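Here is the structure we will look at.
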Amino acid sequence: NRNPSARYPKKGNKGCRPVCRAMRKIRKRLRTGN
Amino acid sequence: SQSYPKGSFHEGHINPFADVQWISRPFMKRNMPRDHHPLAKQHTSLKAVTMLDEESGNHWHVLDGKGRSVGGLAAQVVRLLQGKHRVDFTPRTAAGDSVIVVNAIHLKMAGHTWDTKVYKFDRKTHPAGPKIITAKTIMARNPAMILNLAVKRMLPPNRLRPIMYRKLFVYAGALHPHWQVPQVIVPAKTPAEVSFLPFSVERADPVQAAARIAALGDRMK
Amino acid sequence: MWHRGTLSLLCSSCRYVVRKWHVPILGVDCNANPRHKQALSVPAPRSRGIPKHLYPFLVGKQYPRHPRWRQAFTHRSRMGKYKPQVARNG
Amino acid sequence: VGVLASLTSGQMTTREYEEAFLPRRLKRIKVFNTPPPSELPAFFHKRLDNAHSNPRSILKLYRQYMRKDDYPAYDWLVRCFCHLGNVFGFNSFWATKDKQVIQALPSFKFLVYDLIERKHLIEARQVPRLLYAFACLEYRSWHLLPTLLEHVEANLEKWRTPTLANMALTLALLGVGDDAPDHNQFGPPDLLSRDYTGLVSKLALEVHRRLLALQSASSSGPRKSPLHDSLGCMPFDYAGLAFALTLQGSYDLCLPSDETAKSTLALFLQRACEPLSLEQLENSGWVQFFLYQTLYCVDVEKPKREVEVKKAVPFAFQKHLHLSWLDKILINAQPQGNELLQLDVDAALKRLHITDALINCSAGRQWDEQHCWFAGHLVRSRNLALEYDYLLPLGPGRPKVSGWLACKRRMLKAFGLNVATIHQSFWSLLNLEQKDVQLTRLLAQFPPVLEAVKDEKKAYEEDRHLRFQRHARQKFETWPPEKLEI
Amino acid sequence: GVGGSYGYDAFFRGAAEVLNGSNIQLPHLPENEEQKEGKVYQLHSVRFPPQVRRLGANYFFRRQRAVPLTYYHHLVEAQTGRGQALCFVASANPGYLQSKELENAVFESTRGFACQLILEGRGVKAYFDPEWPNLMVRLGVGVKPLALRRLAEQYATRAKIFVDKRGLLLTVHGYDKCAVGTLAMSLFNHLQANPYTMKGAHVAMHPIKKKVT
Amino acid sequence: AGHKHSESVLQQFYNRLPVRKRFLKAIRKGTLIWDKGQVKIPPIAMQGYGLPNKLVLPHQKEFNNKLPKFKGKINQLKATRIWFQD
RNA sequence: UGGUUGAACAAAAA
RNA sequence: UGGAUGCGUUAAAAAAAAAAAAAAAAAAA
RNA sequence: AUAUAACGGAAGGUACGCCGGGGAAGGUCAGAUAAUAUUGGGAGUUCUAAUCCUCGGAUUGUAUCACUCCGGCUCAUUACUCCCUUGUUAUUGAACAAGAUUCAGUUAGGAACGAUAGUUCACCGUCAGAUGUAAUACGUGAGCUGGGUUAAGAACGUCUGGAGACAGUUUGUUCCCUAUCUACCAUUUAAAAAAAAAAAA
RNA sequence: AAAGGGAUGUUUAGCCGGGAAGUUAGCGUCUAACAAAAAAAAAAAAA
RNA sequence: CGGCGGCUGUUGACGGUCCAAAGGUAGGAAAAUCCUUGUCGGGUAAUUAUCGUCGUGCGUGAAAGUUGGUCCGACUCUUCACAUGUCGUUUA
RNA sequence: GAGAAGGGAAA
RNA sequence: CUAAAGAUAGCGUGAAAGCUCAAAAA
RNA sequence: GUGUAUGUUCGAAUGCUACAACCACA
RNA sequence: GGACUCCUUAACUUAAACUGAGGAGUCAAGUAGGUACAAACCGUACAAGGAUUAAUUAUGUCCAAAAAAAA
RNA sequence: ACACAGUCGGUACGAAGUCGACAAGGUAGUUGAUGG
Ligand SMILES: [Zn+2]
C-alpha cells in the first residue's frame, strides 16, 4: 500500500527492512490464508 | 472530432505471443528516409574517422550513426566526451575530444519505443506540469535531439556537462558542414582489380548456336 | 461490442483476433451472432507483484536468522559473582 | 497443479532458502560419483554406435573426444566421418545447403585436419567408406584423395566387384579419374601429385574382366537375394557403373582383350536389366534415372556404339521410363533445396537488373518433348547458362567441376547454349562490388541476342488515363444535392 | 514486471484457474486422431503451371522453412503431359504445396479474381451515368444516387466494376486479390442493406438477416 | 503528485513511467504492461494450456512445462477461454 | 502485406 | 472644445500567429 | 478483645477559576465499503451475458461509516469520454423520433436564478432542456464574514439535598499583525556617460 | 463525648475508559506454540 | 420547605386490582418548556420563518404563582410601504 | 534482462 | 461405389421446409 | 438416409417447449 | 516502566511503526561501506592517533560510477 | 557559491630554439602498422 511499510527489500537487504510489512504478511498468507 | 494518431501497429502484423509483438518505426513505411534515386550508390561510409591535432590539442571523431542503437552510440559518445579513454583523464575538466555524428535520421530503437516513448521538459511553477513531446514528433522536427537527449542524461550531472554537450555535433543527414573536419560519408571508389578469373567459359558450336537462335526467334516474337 | 475481462468462444464460428484500436486489443469475432463479438478491454487492475529475488525469504519454512544460544550458554563458572560458590567436591 | 503444498504451507525448506545463507561460490555436491572411463576409444565407440542420425550429435561426439584427447583413435575418426556422410547419403531429405553448412562448420574442418595429419594410418579396408562419405557430403578433399586413390589402384585385383562399381560411381560423381589428361592431378602448382587419368575406366575394365571370366568359370553358388548375380552385384551397381561411364563420356570403352568386343556400357546395361521385370522396374528407384540418363545422353551425343547401347535396354523398359519420366523420376533424382552459391549469384543478377534469368531452368534439343537436365541459371535472351561449382579445387587456384556438371556442360553444348561456370574457390574471395563488376564483364561477352520474354502481371491498360486525386475535397455544388458525391 | 516478479495469482494460487475447466460444452472436439503415429513421410511433388516461375528464389529458396522446398522449371517450347512448360514444386511436407501464394502467382498473370454484390429492394438500381467509371447506385425511390467514380479511379488499371443489364448485380474483377477484396468491401460497406427494410446490397452467399421491430 | 499528497507505491510507479498518457492509461487499466523498458501486451492464460515458464514458481516449472503447449497464432487458437495472466 | 483503417476490412501463415 | 466608463459598439480569425530582451564559426574577455 | 476484606494493614461543585507540566484535522490500516470485470442465482414473451437486481471469490483503491493552532464570499488548480456537444455504419429487445449500455481522443467550446433555512447534502418555485463527480490539510479566515458552534451574564425543561450540571433549548458577548525569505503579478539604458583603475625599466 | 445556626480547617481512592460507569482487589487455581543428531531419513549399520 | 400514581376490562361514560398523604385540578399549550420542517388555514411563483388553529405528540401548571386588557423597550422576531449602489455590476 | 520500481537507455 | 448415420450436437420455422455437425469413405 | 409426425404434456410439440424411453435397418 | 527485524504465539477486521507474551540480532549507548534519501536490514580482521600500500565483506561488472572479452 | 557556506585535492618551466636531428626520402627535421 504505502511506502514506509509496504516497500520491499532489495538485493543487499537479505529480505528484511527496519519497518517492512510485506514479507511477513506474504508469509502469513502462504501459511494460513487470509 | 479528434482521435489518436495512427501508430506503427496500424500498418502491420501483431503477434501477442512474441516478445517483439509488432515492428515499430520512426515514421510510416512511406515516410521512412531514403536516398534520392539518381543520387544513390555514389557514396560509401568509412563509419568512423579520427583527426589528431597535436598543436592545438583538440582532436576530432566523426562517426556514422546509420544502423546504430541510440543508447549504444550514446554510451560510446559519453566515453569519448569525458576522455576516459585517455591516460591523462581528469574528472574536473572536459578532458575528451570533439565528436560529430552523422545519419541521426537512421538511428534505431528496438521494440515498441518509437510508438511509446515521450520526453519531458520542466516548466517552473507551471500549473500544467512539464511540457511533454512525443518521440515521433522529435524525430520529425529534429532527429539529432534523439541522440542528444540520451547523451546529455548519460553524462554526469555536474557543471561540466554543458561543456562536453557543446563539444558534440549531431546531424540528421549523411554530410556535416564543418569546414576543417573530414567526412565519414565519402565518394565511392571503383572496386580493386583481381588477378584471377572467377568464372570459366565454353562456347557452343557456331552452327548449333545459329540453329537454336533461329528456332527460338519465331517462338518468342 | 461486448467489453470483457476475459474472452471465450461461444460457438463453432467464434474466433480470436487482434484489433488495432487506440492500442492493440484482443477480441473475439463471430460470423453467426453479432452479440458474440467481444473485446478484452476492461480487465481487473493488475496486481502489485512479488519480486523474484524475495522467494528464498518468502516461500518455505523460515527459521530465525539469529540463533538462541545465550540461555544454553549461561553458567555460574562464567559469572564473577557466582563462580566462588561452585563446588567440584560438594 | 504443481503447487507443492509441503513447501507452500511452511513445512519444508527450499534450495533457494538454504543457499541464500551460504557463500555465493561454493561448489555443488556431486550426488553420484561413478568412476570415469580409463579408455576413451571404447567409450566413444559405444556413443557413436548409439548415434547415427543427428549430425549435431556426431559433431558433438567428435568435439568432446577432441576436448579429452589431442590424438583420438584414427579408426574412431574414420567411423565418425562415415556416419556424418551417411547422414547425408543419397536418400535423405536434406538440401545441399545443409551439407555446405556442415562443411563450413569449424569442427568439421578440425576433424578433416585430424584425418589429414595421420592420413598414413588409413588401411585399405576403409577407402570405400571414405569415398562414399566424400561423395555424400560433396566434399572433395584433395589432401586425402591421393592416398585413397593410391590404395584403390594398388588393391585393384583384390576389391569386390560391387565395391569396384560403387567406387567408380563415387569417383565419377566427385569428378575424379576422368579420361581427360592433365586434369587429374592434386596439389598446389609447385608441388603436384600423380596423374590419376583413367582410374574409373580401369575399374570398369576390371568389372568387365571378371564378368567375362564368369563365362569360363561359371558357378551356381547361393545368391544373397533374387536380384544378386554370381559376382554379388545388384542392378543398382551396374546402373551406377553405366551412369559413371556416361558422366565421363567413355561410351566407346571396351575390354582390349578381343577385337570383336561388345561395349562395356552395353554389358553393364544388359546385366542391370536382366533380373528386373516391369513391376520391379517401377520401384527400382535410382536405376530408372541411371538407365534413362544413359540412353538420353547416348542419343544426344550420338557416339559410335549408340545402336548397341540402345539395343542393350529392353524397349518396354525404355517406353515405361519415357512415359514415367515426368511423374517422379527426375524430381526425386535432382538435388533438393537450395545452394548458397546459386543464391549469391541470383542476388548479384538481381542487383545487375537481369530480369530474364530463370533459376533451375531446363533446356533441350528442338525436337525433344522432355528435358533431362537443368541449368543453375538460364539467361534466355542471351543464350547463356550459368552453372555453379561449389566443390573444393584440386589445389589452390585449380578448380574443377563434378561429373554431374561436366555431363551437363556437354549436354548444353550439344543443345547450343553458351556455358559460363562460376567457381566458388575464386568467387568467395571477392566482395560485393567486385562480384558485380565481374558478373557485368561476364554478361558483356554475351550481348542480348534475343528479346526477353516478360512475365508481367495483367492489368486493365484502358484505364491508365484515370486520375485518383486523393485529398480532393467533396464539392457541395447545389442545395439540396442531386447526387451524393461519395 | 513479468519475468522479474510473480503475479498474485501465480504466487498464491499457482494459476489453478488454467486447469479449472469443466471440459463439457466445448465449441469443438479435441484432435484425438493424431495418436503420435510417427507416420512415414514422403517426397510429394506437384506440377504447377509455368507462371509459378514469377515467384523466384526470394520465395522458394530464401524463405526460412522447416524442411526444403525444391523448385525446378521445365521449359519445353488436348493434353498428353509431355511437351508443355511447367514448374516442379516438391517437398517432404505437403502443406507447402497448398500455399495460396503459388496459386496467386498464376492467377495474377492469367485470369485474376472476382467477387459479386447483389442489390435488392424497390427503387434500388446500379447504373452508369453515362458510362464507366461514372458508376451510380440509387437505394430507393426518393433516395439520391451514390457517386462511386472515386473508387474506380482508386483501383484503375488493376480492377474494374461491371453492372448487370438490370442494374442489380455488381461484379468486381481484377488482377490483385487484396486490391479486389478491398474494393469490393468498400463498395459493400457503402451499399450495405438496411436489415429492417432490406433495401441495399449484400455480398454473395452472405445474406443479411432480416430483422423485425 | 500534484494535489494528491500521498499515493500508493504502485500508483507512483505508474505515474513515473516515460510513455504517452494513453499507453499509460492502458497500463493502468491492465490491457498493457510495462516490462524491462517496454510496453507490451500482457501474457495470455489459455485454459487447458501451460503458461510460459517464466510466470510460474521454480518448483512448479517442471509440471507447467509438462502441460500441452500452443505454438500457433491467435487465429488458430481453439482454447475455450483466455485471459491475461496476473 | 494494402493510408484499408474513429467501435470497419482484405491478403498470407501456420 | 472635450475626457473616462458600460447600461454602448465591434471581433472571436491567426499559433511556423501576434511578439520579443542577448547576429552566435568567439574554444580560455 | 480490637479495626485494618482496598486483606505488606473512601463527602461533593467550579462554565469565576489560578499555578506548574503535557497536548488531539492529518500520517497510517483496510472491517463495512468504492471501481473493474468474473461465478452462482433471479428478472427480461421466448433468452445467463440488449438491459436490470443480487451473492461469493479476485485485484486495485480510500468518498463515507467504524502528529496542530461548520457554512458562505473571493480566487481558483488537477483528475475522470465525465452533465451537453464527437466516433457516417459498436451492441441494442436499433423502423423513424426520443433513447439505453459500454469502449475510444492530437482532451476542442460550454452548463441561469430564487422562497423557508446558520447550514452542507437536500425539499419546493422559475428559466433552460446541458444530474456531472472527486481531490487540492472535507483548497483558500497573516484574503473577507461570523449565521451555527465550545468561556464570564441570564432564562425554560430536566437531575441532586445543594453548590451545580445536560454530546437538551435559548438571548447577549473586542475575529490582532507596517511582509524579512520562497511563490506569483508588475517592473529594469549601458561597454561608458558616479569615483578609481600610472605602464615599461 | 448533649442539641441547633454560623464560620474555620482537612479529606474526598487504585486499574480500563471523554465521562458516568460496569466489573474488580488476600490466598490458591484451568486453557500453550517453538524440533528430524524429535526419522539408523548427510553423520549410522554393513562392506 | 415541599409533593401531587401503576397494571388492566368494557374511544370508554362505567368496573377490577395494587399502592399512596394526595394522585397535577382550573387555565395555557408544537411554548425561551417539546422538536429535522406535527394537522388545517392567511401572506409567497416557491413559507425548516411568522400569525391564527387543532389538543395530534412531548407535555406545562397555578403568590418557588396560572391565564389575560392597555401602554412601554438603544431587547428577540413576522409582515407591508418608501426612495434606494444591499445587489446583477460596476462607473464618473 | 533483474522493485532495472533513482535517471538514461542497452541484448 | 464401398461403409456409416444421435428417437439428435449447432443453426432455422408460429408449425413445417432447409443447411451443418457427429459416424463412415476418401 | 430410414420405422417415426416414437409415447405423455400441449389448441399442436413433426430430432431441436418440457419429461419418458433411447430401441430399431441381412 | 524502550524501539524495530526474525521465529513461535494471544487479541484485532488472521488490520495498523496497534496491544500483549517467550527468545536471538541491531538501535538505544556503535563512525566510515551497501541497501536511492534521518536509528532498528546486510556486512566489519568495529573508530587510540598519522600516512598517496594490501586483502574478494555485503554486493557488482552498458553510462551517471571503480571493475574481462588478443589473434 | 549548485554548498549549515566547510572538507580532500587542485595547474608540472624551457623547443617560444634552430648556423636543427636504424632504415627510406623524392627533402616535408616528412615517413615504416593495416586486404575481405
Ligand atoms: Zn459465435
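Identifiers for the C-alpha cells are assigned positionally: chains receive A, B, ... in sequence, residues are indexed from 1 per chain, and ligands are indexed from 1 in the order shown.
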Residues of chain E within 6 Å of chain G, counting only C-alpha atoms (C1' of nucleotides) - could you list those as JSON, numbers by chain? {"E": [178, 181, 182]}
Members of stretch 2-206 of chain E assigned strand (DSSP E) by DSSP, as a VMD selection string: chain E and resid 5 to 6 44 to 48 69 to 74 86 to 91 113 to 120 124 to 128 135 to 139 146 to 147 159 to 163 169 to 174 200 to 203
Taking only C-alpha atoms (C1' of nucleotides) into account and nothing else, which residues of chain I lie no more than 7 Å away from chain F? Please answer as number ranges by chain. I: 78, 135-136
Could you list, as a ChimeraX atom specification, all protein and nucleic acid residues with an atom at most 9 Å from ligand 1, counting only C-alpha atoms (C1' of nucleotides) and all ligand atoms? /C:9-15,28-37
Those same residues - C-alpha atoms - I'd like them written as a short mmCIF file (atom, residue, chain, number, x, y, z; two decimals), in the first residue's frame.
```cif
data_model
loop_
_atom_site.label_atom_id
_atom_site.label_comp_id
_atom_site.auth_asym_id
_atom_site.auth_seq_id
_atom_site.Cartn_x
_atom_site.Cartn_y
_atom_site.Cartn_z
CA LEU C 9 -15.53 -18.99 -27.84
CA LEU C 10 -19.32 -19.09 -27.58
CA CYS C 11 -20.00 -21.16 -30.72
CA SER C 12 -18.28 -23.05 -33.52
CA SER C 13 -17.85 -19.91 -35.66
CA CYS C 14 -16.19 -17.73 -33.00
CA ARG C 15 -12.50 -16.94 -33.40
CA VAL C 28 -13.43 -12.42 -30.50
CA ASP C 29 -15.12 -12.20 -33.91
CA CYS C 30 -18.19 -14.17 -34.96
CA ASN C 31 -19.99 -14.56 -38.28
CA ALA C 32 -23.17 -16.02 -36.74
CA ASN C 33 -24.14 -13.83 -33.77
CA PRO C 34 -23.20 -10.12 -33.58
CA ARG C 35 -23.56 -10.44 -29.80
CA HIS C 36 -20.59 -12.86 -29.84
CA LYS C 37 -18.22 -10.02 -30.84
#
```
Within 12 Å of residue I:167 using only C-alpha atoms (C1' of nucleotides), minus same-chain residues under 6 positions, as a ChimeraX atom specification: /I:150 /J:18-19
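Atom to atom, atom CA of residue D:164 and atom CA of residue D:241 stand 9.0 Å apart.
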Show me, as JSON lines, the residues of chain L having an atom within 8 Å of chain F, each with the closest atom pair and its distance in Å, using only C-alpha atoms (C1' of nucleotides).
```
{"residue": "L:1", "atom": "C1'", "partner": "F:36", "partner_atom": "CA", "distance": 7.1}
{"residue": "L:4", "atom": "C1'", "partner": "F:36", "partner_atom": "CA", "distance": 6.8}
{"residue": "L:5", "atom": "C1'", "partner": "F:13", "partner_atom": "CA", "distance": 6.0}
```
Please identify all residues of chain I having at least one atom at most 10 Å from any atom of chain B, considering only C-alpha atoms (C1' of nucleotides), and return them as a list in words. residues 77, 78, 86, 87, 104, 105, 106, 107, 108, 183 and 184 of chain I
Would you give me, as CSV, each residue of chain J having an atom within 12 Å of an atom of chain D, along with its shortest atom pair and that distance in Å to one decimal, using only C-alpha atoms (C1' of nucleotides) and sorting by chain and residue number?
```
residue,atom,partner,partner_atom,distance
J:35,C1',D:11,CA,11.8
J:36,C1',D:12,CA,11.5
J:42,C1',D:31,CA,10.9
```
Taking the DSSP assignment computed from this structure's backbone, write out as a PyMOL selection string all residues of chain C that belong to alpha helix (DSSP H). chain C and resi 55-58+70-73
Taking only C-alpha atoms (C1' of nucleotides) into account, produce a table as CSV in which each residue of chain I with an atom at most 9 Å from an atom of chain E appears once, together with its shortest atom pair and the distance in Å to one decimal, ordered by chain and rising number.
```
residue,atom,partner,partner_atom,distance
I:58,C1',E:9,CA,8.5
I:59,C1',E:8,CA,8.4
I:89,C1',E:189,CA,8.0
I:93,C1',E:213,CA,8.9
I:94,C1',E:213,CA,8.9
I:95,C1',E:196,CA,6.5
```
Would you output that residue set with C-alpha atoms (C1' of nucleotides), as a PDB file, in the first residue's frame?
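Ended up saving to selection_12.pdb:
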```pdb
ATOM      1  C1'   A I  58     -10.085 -11.942  -7.103  1.00  0.00           C
ATOM      2  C1'   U I  59      -7.053  -7.416  -7.980  1.00  0.00           C
ATOM      3  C1'   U I  89     -22.355   2.339 -40.010  1.00  0.00           C
ATOM      4  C1'   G I  93     -35.400  -6.076 -27.091  1.00  0.00           C
ATOM      5  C1'   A I  94     -31.538  -0.432 -33.205  1.00  0.00           C
ATOM      6  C1'   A I  95     -38.409   1.230 -38.454  1.00  0.00           C
TER       7        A I  95
END
```
Each residue of chain C lying at most 10 Å from chain B should get a row with its shortest atom-to-atom pair and the distance in Å to one decimal, counting only C-alpha atoms; could you produce that, ordered by chain and increasing number, as CSV?
```
residue,atom,partner,partner_atom,distance
C:17,CA,B:14,CA,9.8
C:18,CA,B:14,CA,7.2
C:19,CA,B:14,CA,9.0
C:20,CA,B:10,CA,5.8
C:21,CA,B:10,CA,8.4
C:22,CA,B:4,CA,6.3
C:23,CA,B:9,CA,8.2
C:24,CA,B:9,CA,7.4
C:25,CA,B:16,CA,9.4
C:26,CA,B:16,CA,8.7
```
Keeping only C-alpha atoms, write the selected residues as a PDB file, in the first residue's frame.
```pdb
ATOM      1  CA  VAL C  17      -8.435 -11.720 -33.285  1.00  0.00           C
ATOM      2  CA  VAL C  18      -6.271  -8.660 -32.598  1.00  0.00           C
ATOM      3  CA  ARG C  19      -7.825  -5.227 -33.147  1.00  0.00           C
ATOM      4  CA  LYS C  20      -5.832  -2.071 -33.896  1.00  0.00           C
ATOM      5  CA  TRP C  21      -7.716   0.308 -31.614  1.00  0.00           C
ATOM      6  CA  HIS C  22      -6.206   3.156 -29.571  1.00  0.00           C
ATOM      7  CA  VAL C  23      -3.873   0.282 -28.659  1.00  0.00           C
ATOM      8  CA  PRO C  24      -3.615  -3.369 -29.679  1.00  0.00           C
ATOM      9  CA  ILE C  25      -6.554  -5.228 -28.132  1.00  0.00           C
ATOM     10  CA  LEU C  26      -7.526  -8.893 -28.043  1.00  0.00           C
TER      11      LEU C  26
END
```
Enumerate, in order of chain and increasing residue number, the residues of chain A with an atom no farther than 12 Å from chain C, each with its shortest atom pair and distance in Å to one decimal, counting only C-alpha atoms, as a Markdown table.
```
| residue | atom | partner | partner_atom | distance |
| --- | --- | --- | --- | --- |
| A:1 | CA | C:48 | CA | 9.2 |
| A:2 | CA | C:48 | CA | 12.0 |
| A:6 | CA | C:48 | CA | 10.7 |
| A:7 | CA | C:50 | CA | 11.1 |
| A:8 | CA | C:51 | CA | 8.3 |
| A:9 | CA | C:54 | CA | 7.9 |
| A:10 | CA | C:53 | CA | 8.1 |
| A:11 | CA | C:53 | CA | 7.4 |
| A:12 | CA | C:53 | CA | 10.7 |
| A:13 | CA | C:54 | CA | 10.2 |
| A:14 | CA | C:57 | CA | 8.0 |
| A:15 | CA | C:57 | CA | 6.0 |
| A:16 | CA | C:57 | CA | 8.7 |
| A:22 | CA | C:50 | CA | 9.5 |
| A:23 | CA | C:58 | CA | 6.4 |
| A:24 | CA | C:58 | CA | 8.1 |
| A:25 | CA | C:58 | CA | 9.6 |
| A:26 | CA | C:58 | CA | 6.9 |
| A:27 | CA | C:58 | CA | 5.8 |
| A:28 | CA | C:58 | CA | 9.6 |
| A:29 | CA | C:58 | CA | 10.4 |
| A:30 | CA | C:59 | CA | 7.7 |
| A:31 | CA | C:60 | CA | 9.1 |
```
Enumerate as a PyMOL selection string the residues belonging to chain D that approach chain A to within 7 Å, with only C-alpha atoms taken into account. chain D and resi 8-10
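Here atom CA of residue D:60 and atom CA of residue D:113 stand 16.5 Å from one another.
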